[PDB]
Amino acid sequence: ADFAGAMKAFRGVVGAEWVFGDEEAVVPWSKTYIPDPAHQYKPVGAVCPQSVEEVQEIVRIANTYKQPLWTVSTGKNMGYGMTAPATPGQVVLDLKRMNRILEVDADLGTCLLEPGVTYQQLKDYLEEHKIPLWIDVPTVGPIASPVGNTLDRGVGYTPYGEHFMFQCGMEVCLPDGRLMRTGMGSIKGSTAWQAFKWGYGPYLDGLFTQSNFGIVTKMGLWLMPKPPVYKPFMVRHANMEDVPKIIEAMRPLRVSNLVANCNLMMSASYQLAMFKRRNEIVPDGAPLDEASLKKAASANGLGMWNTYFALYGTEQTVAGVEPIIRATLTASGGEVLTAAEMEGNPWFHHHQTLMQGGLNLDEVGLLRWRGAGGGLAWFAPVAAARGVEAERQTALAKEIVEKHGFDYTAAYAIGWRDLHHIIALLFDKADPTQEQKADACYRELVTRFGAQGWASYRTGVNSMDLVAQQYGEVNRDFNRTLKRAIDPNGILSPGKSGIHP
């Protein structure tokens, strides 16, 4: 790599003012919440283009100078490494200034976006034009990116929650600087780019998700029509051990699609950590004991597990399924509550917002849980939607975090037939002993979950290799074959998903 020559060429493409080339100038791309005891996850440079033509020039220069680019959209991957590259010596390719909304079709319920478009922008666009379409917001929201989240296959809480399922058409800058459009996009004068996902011949959009094979410059998305009627619900379960009964009750409702939105099943500990610090619940050096959790949860109108769903359509379509849903959840020991019961409950308000694709007051209390705070790593293993799987995963996760002196703070995102078990590893990152302990605990979570047949849907830069190691040796070798063929100079995001040149 010839860094000085690459950065000088970059200034010629975007201007000196959008190239950041020394320790001091790249401070804005350098903060992470993941454990980094060796301080190895840090960029050496940032370049901020406003056009796809600039992106294509940047990629040609990157090849010529063998200078790797770590590409981000808005770079708000909080708990997954923010804008920190997976390996040393990378320049962040920050696409935040490519923030053009390119198309929105009210009739077909579609849009086409540059990567820099924020949830806030797209919400504002729809409201300002009176377009009765909804977005699907992965908790974070405001200055996060539909494009960046969809490319890391993130999740929101409407019927359109599984973001990658609703992506339709993308444009990619390939490692050699050529643009390719997927699906129907490469047909001159096509009006079906956001209409038909697959195109003809191999389906390649997936290659550009959680990967380093290309730079996405445009992406299409399907958007849900605003329903006549929106009815949010909260189910309260009293006991830490109700986990399997909740999964077993929700699964038939989801498999049969009586409930269509991805459901957050929130632990009392996680909910409390949103608005309270740990030392408001229990003293430092005391465990987060069941009795203290139950008391604090109860005083805040929360159970030990709080599961959020919604019904969408007419008063008549809602009336069609609400009785069966209530009877199933009640039989599981759940108390089903509506907005009228949950007035002024901030958790209900948080979920009520998310399940209509609303944006919440951008405020992340989890970062202040323990001591000086500032430590967050998502450990996000998959499970089949089986109560015994949730039961066993919760039990192993609790044993491992408690062994390292950390708390179990978790939610299940319930899908159709699967579950994202989201485990927030919360620590004091400012205390270098605690950062080291959180690193060791995270390694033990990954290793011991993998030995039971469980592994991550998504991970942070500090664990991408160890999570890749849970999956097959053939998978790893095949992704290396693709990398070497697609990006011969190894200049796109080396070590993303454990994929190294």
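Numbering starts at 1 and follows the sequence shown.
- Two stretches are in play, 147-155 and 258-266, and the higher mean C-alpha B-factor belongs to 258-266.
- Averaged over Cα atoms, the B-factor as recorded in the entry is higher for 316-324 than for the other of 316-324 and 303-311.
- The PDB entry assigns the greatest CA B-factor among 206, 346, 202, 183 to 346.
- For the set 96, 278, 218, 251, the maximum C-alpha B-factor listed in the entry falls on 251.
- Per the PDB record, residue ranking by Cα B-factor puts residue 60 in the lowest third of the chain.
- Ranked within its chain, residue 398 lands in the highest third, by CA B factor from the PDB record.
- Among the modelled residues of its chain, residue 485 has a C-alpha B-factor that falls in the middle third according to the deposited record.
- Sorting the modelled residues of the chain by their CA temperature factor places residue 472 in the lowest third.
- Remark: residue 87 belongs to the middle third of its chain, ranked by C-alpha B-factor as recorded.
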